[PDB]
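Asker: The structure that follows is given in the form of C-alpha cells.
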Amino acid sequence: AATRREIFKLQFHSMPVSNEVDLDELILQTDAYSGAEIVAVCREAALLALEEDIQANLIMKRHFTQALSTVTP
Amino acid sequence: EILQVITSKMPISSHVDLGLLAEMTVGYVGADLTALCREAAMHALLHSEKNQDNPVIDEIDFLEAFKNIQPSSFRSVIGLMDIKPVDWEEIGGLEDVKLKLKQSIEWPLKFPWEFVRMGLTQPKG
C-alpha cells in the first residue's frame, strides 16, 4: 500500500490531476497490480481525457474509474 | 498551367480540353509536353485545307500526336508525395485500429502542446 503511494506521487508530477480525485480510493482499487501496469493506468486515463474535449485542463474520477476497468490484471 | 503557357503562343481553337490532356499525359516531363504541342502543330499544318486563314487545331491531332511520342524514363523512382485523397469512411470496419493510429501519429503532429503537457511519449516508429 505505501509503495503504491510513491509510484502515483512520482507520476503525478508530470500531468494535471484535479483536487477532487483522491489517492486513498486509488490505492484501494489497485489491489496488487504490477509496477508497470500502474504506469499504464495513468497513461490510459490521460488519453481518455484528451479524447473527449481535447482542449482540456484536468483529469477527474470518471476518466480514472473507466481506465481501471480497461487495464485488467 | 505548363500547357496553358505553350497554348498561349499558338493559335489553338477554344474546343480543346485541358484536364483530359493533363490526365492522359501521366509519365511525361516538361520537355515532352512542348514536343507534344510541337507535333500537334505539325499535323495541323501537315494535313490541312486550301484556305490558310483559320488555324484550327482540334482534339483529333492532339490524340494523333499522343500516339507516336515515347515517354521519358527516370520518373518511376525515389519517393512520391501527392496521390489521391482517401477518406476515413472508405475503410469499412476497423474502428479500433483507427483509434490507435490517431492516438500515436495524428495527435502528436497536429496538437503538439497538449500531447507533451499531459505527459505522454511519442512512439518513434
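Listed in order, the protein sequences are those of chains A and B.
In this text, residue positions in the first sequence follow our numbering: the first is 1406, and each later residue adds one.
In this text, residue positions in the second sequence follow our numbering: the first is 19, and each later residue adds one.
Using N, Cα and C, we set each Cβ at its ideal position, and we do this for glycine too.
#1: According to the neighbour-count rule (16 or more other Cβ atoms, all chains shown, within 10 Å of its Cβ), is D79/B buried or exposed?
#2: Using the beta-carbon count (16 or more within 10 Å), is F129/B buried or exposed?
#3: Measuring alpha carbon to alpha carbon, tell me which residue in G97/B, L54/B, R93/B and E67/B is nearest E77/B.
#4: What does the alpha-carbon distance come out to for the pair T1477/A and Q1416/A?
#5: For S66/B and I75/B, I'd like the C-alpha separation in whole angstroms.
#6: What does DSSP give as the partner residue(s) for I1464/A in the beta ladder?
#7: For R1410/A, does the three-state DSSP call read helix, strand or coil?
#8: Helix, strand or coil, according to DSSP, for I24/B in the structure here?
#9: Could you have a look at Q1416/A and say whether DSSP puts it in helix, strand or coil?
#10: Going by DSSP, what residue range makes up the alpha helix (DSSP H) through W106/B?
#11: Does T52/B come out as helix, strand or coil in the three-state DSSP assignment?
Answerer: Answer, in terms of the structure:
#1: buried
#2: exposed
#3: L54/B
#4: 20 Å
#5: 10 Å
#6: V1422/A
#7: helix
#8: helix
#9: helix
#10: Unbroken run through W106/B: none, as it is neither H nor E.
#11: helix
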